[PDB]
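Asker: whatever this is, show me its structure:
(10 chains, ligands or ions: 3)
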Amino acid sequence: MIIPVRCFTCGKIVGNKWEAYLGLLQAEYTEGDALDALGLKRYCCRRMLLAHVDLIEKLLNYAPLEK
Amino acid sequence: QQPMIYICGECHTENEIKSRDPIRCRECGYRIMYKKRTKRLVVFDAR
Amino acid sequence: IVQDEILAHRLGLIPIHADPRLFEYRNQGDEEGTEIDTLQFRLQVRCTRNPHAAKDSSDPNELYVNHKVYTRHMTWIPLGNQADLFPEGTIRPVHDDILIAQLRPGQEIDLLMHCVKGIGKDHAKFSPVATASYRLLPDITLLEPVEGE
Amino acid sequence: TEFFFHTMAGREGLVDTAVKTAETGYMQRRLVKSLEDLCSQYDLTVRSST
Amino acid sequence: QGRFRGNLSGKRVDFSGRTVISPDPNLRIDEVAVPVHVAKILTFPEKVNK
Amino acid sequence: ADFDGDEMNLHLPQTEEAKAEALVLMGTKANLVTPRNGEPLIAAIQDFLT
Amino acid sequence: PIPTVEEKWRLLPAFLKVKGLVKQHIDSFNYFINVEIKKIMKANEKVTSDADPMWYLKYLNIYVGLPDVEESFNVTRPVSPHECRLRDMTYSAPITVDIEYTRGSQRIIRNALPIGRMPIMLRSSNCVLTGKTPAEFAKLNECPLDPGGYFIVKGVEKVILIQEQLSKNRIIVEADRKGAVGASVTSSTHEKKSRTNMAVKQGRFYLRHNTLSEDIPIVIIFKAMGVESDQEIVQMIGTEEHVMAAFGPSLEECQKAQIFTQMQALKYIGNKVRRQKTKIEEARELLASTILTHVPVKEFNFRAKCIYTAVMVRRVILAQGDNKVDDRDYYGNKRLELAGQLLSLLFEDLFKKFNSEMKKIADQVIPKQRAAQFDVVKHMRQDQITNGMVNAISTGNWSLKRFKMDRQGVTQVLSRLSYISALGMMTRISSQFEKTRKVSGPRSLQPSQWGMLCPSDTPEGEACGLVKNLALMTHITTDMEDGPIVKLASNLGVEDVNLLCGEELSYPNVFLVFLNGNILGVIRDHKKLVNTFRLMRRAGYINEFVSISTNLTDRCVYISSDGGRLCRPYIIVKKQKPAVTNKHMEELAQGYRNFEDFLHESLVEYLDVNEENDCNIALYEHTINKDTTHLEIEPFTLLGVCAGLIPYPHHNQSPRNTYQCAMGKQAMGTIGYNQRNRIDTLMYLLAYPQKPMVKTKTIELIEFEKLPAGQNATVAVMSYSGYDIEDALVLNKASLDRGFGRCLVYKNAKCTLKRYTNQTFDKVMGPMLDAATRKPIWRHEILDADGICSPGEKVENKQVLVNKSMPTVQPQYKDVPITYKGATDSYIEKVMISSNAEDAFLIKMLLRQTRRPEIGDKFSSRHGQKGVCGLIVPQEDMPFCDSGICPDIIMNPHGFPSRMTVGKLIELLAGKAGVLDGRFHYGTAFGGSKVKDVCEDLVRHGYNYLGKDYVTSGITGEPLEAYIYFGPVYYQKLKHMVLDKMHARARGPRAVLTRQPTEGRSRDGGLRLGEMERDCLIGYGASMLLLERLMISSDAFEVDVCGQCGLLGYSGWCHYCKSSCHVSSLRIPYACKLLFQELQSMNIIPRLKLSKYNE
Amino acid sequence: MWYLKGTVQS
Amino acid sequence: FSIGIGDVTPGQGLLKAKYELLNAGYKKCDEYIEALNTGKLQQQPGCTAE
RNA sequence: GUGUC
Ligand SMILES: [Zn+2]
Ligand SMILES: [Zn+2]
Ligand SMILES: [Zn+2]
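Answerer: Numbers count the residues shown, from 1 in each chain, chains lettered A, B, ... in the order given. Ligands and ions are numbered 1, 2, ... in the order given. Let me share the structure:
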């Protein structure tokens, strides 16, 4: 649902670059370009941001809102 | 004592049911209501 | 929308910039919490609408106020009189912009967490190092003189 | 075409392992009910209940 | 689901259980590990000697 | 067993007279050959053989 | 080299946008409430009473409205599906009809007359969930990815399974225990199901139908039909040397019995016929419209029928003496049945019942009247229709004796475990045969089915082929009429069968025309007929869903236009080449030239199973030959919905493919976009679902990348200490603590409470306070001051959730406190309070439980490899290779060769290369990516090229001699945790009938000891334990009987002898004493004879 | 006919 | 002990070894068709042509 | 009735 704060295998904090990765995918950058520019070099802590779905965004449209 | 506060699912208005009343909303015509969260202190584990 | 257990787990995954040498080790069991072996942290944020934002907006960054919760919202409250020990701000999260939860108009979150000392053998959140590895030195030995191509 | 001919034989064994259990258990419970009291005596002789 | 081989033959037993098995190559040939949660439920009656 | 979805069951003898009968007849050390032919059924599995 | 168009992969999405997967379930219903609902109204159109021919009612027009609900008093407001799903209501809309009835002397035409309601589908034409936008779909609290197609009755989702049946109006010739026999089943629209069969014995043909007493000779039936002279009889049968040697005996035994006239044959038949008006008219009307009603008779002419019987006899003769037999395994004959015609039959039967019984409601009032005019709308009822519809949908008992049919298990609750289990159930098909061991043909994969039913998609267990799933590209044809077809066939030059005699049909050049099991006539040079019909179909005048085929062994052309046939589009080619070119698909990519005009431009066409029998189809465009007629669009559409999630299916074996397609629906994950609002009985959710790196085009077609049910994890294929035995897998403790594989369970607890016919009621007192301090009691701790539990609390074992106090019958009240039973400690999510349609308060509670993976949980590899977890290993172990990457899940290399799974290594390699490069790799079936361009790309980075890496063991600190296979793999967590599959009991409740442990864990029962386990104790020879755990621990009872007369006494006293002198006791199981007391009432007294154990 | 909002004291 | 995809890889000298076999097999099998059509294939067992 | 062995 939400990007994990830490990696599953090693334990590197990968939850502080999700919004930066999103903002860098709109500057005409390739997925690999964003991934090797953010700071990820190995592949165990790289598929946390690459292969990740965002369902809380779709879950907030059904969330209770005040009138 | 304090009237039981209930929230709706269409307008989310906090109203009260007095006693043996038609379960509805006074703003809209929705017939389903929800409940508020408890005001107690529950402990959780961060392990 | 996030679970309480998932929120507590993600908060426990947050590391803390603090010196564990000054603090003691907790005795066999006590949950009340003394002054020498427990660090208090408070977090409180509720989502409200922006009255000035615009006529017609879809982008939630300016439409709603404080929609994304980071680790910078967590505030450290002193317990006892150990405030003069660490001068101003040596006790704060290492990373400040880490997504914790998302809020909408009509939502509120208020929590108070306790930080204690532990070893990495108990849980993964007590690991003080992210990567600890080593490598053997390589060696490449040629045998015969090579040609150009 | 090769994948279809390969999966044709896979269904040959999957329908065979589903049916064996029935008549096998039937023949087992029919064979036990006839031979369940045959015992050896102390004079090296096998006899029935009679 | 009768009374001859359904009840008389069946006679469902007590003081039993069933659970998924897992490997553990640290025991002997005649050993088996039982969870403590099940061991707390099961009891064995015995008479007290001297 | 196949060790992927198997759920086996367990029973506990209640009387002392039966606790000694299941140890001499239904013993893991005693029952190592099968009455069908006479071959040992408990030798090793793939990993230990390799 | 041949010109190849690499563009035809975009035809399939545009085709599924029109119809396909689940849109046909809605097409069958949208066509039924627009075409057949008025056909039934026109069928039952005029009904009048017989008291006096002056009263009658007429049916002008009938229609249904939009989904509406009738509240307290004239309150009709538009209701949403979610409201009906939460209020335990039913999604239905009323049916308003405009009929007219004559009261007194004048006629009354009352418009908009309501007669009942009818359920409406979720994505139908009358529903509100159609033509909306995702922003508006979020307004009604409904998932936009929900395919729909189910029925909501009493707050549950019910889907009707497709059921396959055999073809009607056709002749079958099959062999039985002695010889060969022909049969014919007849069933038209009107309810008349007949089954006639002609059998051969002693070289004599006999006709069997259940209306006749015994056999009637075929020559007698011929002479009774109207053909008198025996010469034209053989002429119609066949003029051949070998067909006469087999038809002579019957002719001579016919000449034996004195029957030479039509009256003689009719009297003979009428004497043979039994039925519970003379014999001649009985036999005449019995041969008219009883035996074969699918062949209509205009005035009284039995000629079409006798030529039909003659060609049947000829087919049986040609079958006789040979090994040419018809089988029921052919799918070109098998038809499918959706929910449309079932609802049609139900509705027409309910309508006929409502018209026929209300005809009797006003039939007992006309003579026994009080005034001059009779009102019928006050003699009207609107509960039987709704009751019948809801009962048939929810109960599942399709019982129509007006239609002579009883069917069970047709509707089933929709599986909401995952997103694949919901869609995969909509394409599930049920067979007509029952689940028995005798079947081996129908269960076996038939060569007939090609691209219509997924071969791999089938449950493994008892039913191993009785349940099948549809393919990606296929269409179900609806029913049509045959007017213009017959008109064009008559204009083409087909001959009338009533002019030419029986001799010309034996001619080899003569071909017979069959249309839905009906002989149209004789045609010569059938090739021109087939060509012209195909050209007219490609033109556009005739509808595209009309099949035409030709069979040369019997020399007959079949024209099939019945509904319920399988259709899939095929690309047409002309003499060497596909008509579809690059310029035709560039416009499709642009945004014009869609599928319908492609069909209108004669570029693609539908073919059925029987029509592709006489056609040549090319797999690819390099295999196109000079006789190929059609070209299959894509070869990867053969796989089904559950089989489209397996990377490289051709690399894997069919048992593994079956296991994986079966386990894909049990894998837990996210359900949809609104999972917090919906309150289902049991819900399994994941915490952080990942995205599959090696995805399939079928995944993109269904948009599975929005709702994945698994996670990517680093796998190391190598043996570990001791815990990767046959299927055990090793986990990483650090990864499990970090949160790899976190699951959540959601349980529902609902309680309704109502009033009674008296003024008695129910009430909820609430919490209980003590006298020492003002605290809620331990029993009612979570309860609020209202009387229910508040959300955001933690409920432990055996604690009260809601207090329910109801009267025994001022009045005394018995409290029924709902108590939560569970080994775990649950949490409260939310509480819903509402009212149902019958004015009762409903309180629903959702209980959340977060669980973590432990030793005893079942995981899969999405490649047909399931296993329970073994040893949980910390992070000091699990060696890194160079960079510091630890194995997340240790895989055993010993289960690979026997299972024979090569797609796993290819998927691992592709995933590693993708996560290194940064792009998803395609792994579709019969294509995707190779292992030649990917391995050379793995060199640019700096890793080894295929799979190997240098590892450094952690427990010792020494390097590994051999290299280990590392890489990311998409794993998934399944159900059946060890937390629920764990039970134990020592002394609990017993049954009242017999003192024995009850069944099931929900009632805390025990285990059963059957006969096969008793045989193991008998083979050993132990008698003490066999008696201890069958009599001592199960049921030990002490009974008493007498020595004088063996009988069951009581209190050491007999009622037969009335003396306690001869009285003794014994130990017997309660079951045996119960059996004795039961047999004594059957005039079977077990007189017992006691003795001393010393004796 | 209903009755809610009660507390029983012991 | 580990297995990878490099373990199961066809050798370059192996692809042309089975190519010869497949070609000879096809050339030999596609002759019996016209051999049967012409009328040949003397039969040792009592059987039919196909 | 469904699911696993
Ligand atoms: Zn990492
Ligand atoms: Zn409201
Ligand atoms: Zn007596």
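
Asker: contacts only, for the closest residue to residue H:9 other than its chain neighbours.
Answerer: Nearest residue to residue H:9, sequence neighbours excluded (Cβ to Cβ, 6 or more residues apart in numbering or on different chains): residue G:769, at 5.0 Å. Every residue, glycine included, has its C-beta placed from N, CA and C. Contacts for residue G:769 (Cβ atoms under 8 Å, 6 or more residues apart in numbering or on different chains) come out as G:775-777, H:7-10.

Asker: now do 7 Å
Answerer: Residues near residue G:769 by Cβ atoms under 7 Å, 6 or more residues apart in numbering or on different chains: G:775-776, H:7, H:9.

Asker: could you pull out the helices for the chain?
Answerer: Let's take chain A. Applying DSSP state H to chain A gives helices spanning A:18-24, A:31-38, A:47-50, A:56-59.

Asker: meant chain F actually
Answerer: F:16-19, F:21-24, F:46-49.

Asker: and for the residue nearest to residue G:56 when sequence neighbours are not counted, the neighbour number?
Answerer: Leaving aside its sequence neighbours, residue G:56 sits nearest to residue G:48 (Cβ to Cβ, 6+ apart; 3.9 Å). As a burial measure, residue G:48 scores 14 neighbours (other Cβ atoms under 10 Å in any protein chain shown).

Asker: quick check on residue G:48: phi, psi?
Answerer: phi -140, psi 160 (degrees, to the nearest 10).

Asker: also the one 10 residues further on?
Answerer: Its backbone dihedrals place residue G:58 at phi -130, psi 140, with angles given as degrees, to the nearest 10.

Asker: which residues does it bridge with?
Answerer: Beta bridges link residue G:58 to residue G:46, residue G:100, judged by DSSP bridges.

Asker: next up, the contacts around it.
Answerer: Counted by Cβ under 7 Å, 6+ apart, residue G:58 has contacts G:46, G:99-100.

Asker: returning to that earlier point: list only buried entries from the contacts of residue G:769.
Answerer: Neighbour-count burial within the contacts of residue G:769 applies to G:776, H:7; the criterion is 16 or more other Cβ atoms under 10 Å in any protein chain shown.

Asker: which among the contacts of residue G:769 gets closest to residue G:1095?
Answerer: Nearest to residue G:1095 among the contacts of residue G:769 is residue G:776, at 67.4 Å by Cβ to Cβ.

Asker: tell me the contacts of the closest residue to residue G:900 other than its chain neighbours?
Answerer: Of all residues not flanking residue G:900 in the chain, residue G:653 sits nearest, at 4.9 Å (Cβ to Cβ, 6+ apart). Residue G:653 is in contact with D:10, G:900-901, counting by Cβ under 7 Å, 6+ apart.

Asker: mind running it again at 8 Å?
Answerer: Counted by Cβ under 8 Å, 6+ apart, residue G:653 has contacts D:6, D:10, G:899-901.

Asker: going by distance to ligand 3, which of those residues wins?
Answerer: Nearest to ligand 3 among these is residue D:10, at 69.0 Å by Cβ to the ion.

Asker: and the closest one, that's in a helix?
Answerer: Yes. Judged by DSSP: H, G, I helix; E, B strand; the rest coil, residue D:10 forms part of a helix.

Asker: show the contacting residues for residue 1.
Answerer: You didn't pick a chain, so chain A it is. A:54-56, A:59, C:2, G:687-689.

Asker: ah, no, chain H please
Answerer: Residue H:1 touches B:20, G:755, G:759-761, counting by Cβ under 8 Å, 6+ apart.

Asker: that one should be in a helix, yeah?
Answerer: No. Counting by three-state DSSP, residue H:1 is not found in a helix; it is coil.

Asker: next one: it from residue B:20, what distance?
Answerer: Separation of residue H:1 from residue B:20 (Cβ to Cβ, to the nearest Å) stands at 7 Å.

Asker: what does residue G:125 give?
Answerer: 42 Å.

Asker: and what of residue I:37?
Answerer: With Cβ to Cβ as the criterion, residue I:37 and residue B:20 are 95 Å apart.

Asker: those two: who's more crowded?
Answerer: residue B:20 (12 against 8).

Asker: for the more buried one, which non-adjacent residue is closest in space?
Answerer: According to Cβ to Cβ, 6+ apart, the nearest residue to residue B:20 is residue H:2 (4.2 Å).

Asker: please name the residues that touch residue 25.
Answerer: All of this refers to chain A. With contact set as Cβ under 8 Å, 6+ apart, residue A:25 has these partners: A:31, A:34.

Asker: my bad, chain D
Answerer: Residue D:25 neighbours (Cβ under 8 Å, 6+ apart): residue G:1012.

Asker: against ligand 1, how distant is it?
Answerer: 53 Å (Cβ to the ion, to the nearest Å).

Asker: contacting residues around the residue of chain F found nearest ligand 1?
Answerer: Nearest to ligand 1 in chain F, going by Cβ to the ion, is residue F:4, at a distance of 29.6 Å. Contacts here follow Cβ under 8 Å, 6+ apart; on that basis residue F:4 touches G:726-727, G:858, G:866-868.

Asker: now the residue in chain B positioned nearest to chain H, what's its secondary structure?
Answerer: Closest approach between chain B and chain H, counting by Cβ to the nearest Cβ: residue B:20, at 4.2 Å. Three-state assignment for residue B:20 (three-state DSSP): coil.

Asker: surely it touches residue G:841?
Answerer: No. Counting by Cβ atoms under 8 Å, residue B:20 sits too far from residue G:841 to count as a contact (10.1 Å).

Asker: ok, back up a step: of the contacts of residue A:1, just the buried ones, PyMOL syntax please.
Answerer: A single PyMOL command selects the buried members of those (16+ other Cβ under 10 Å):
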select buried, (chain A and resi 55+56+59) or (chain C and resi 2) or (chain G and resi 687+688+689)
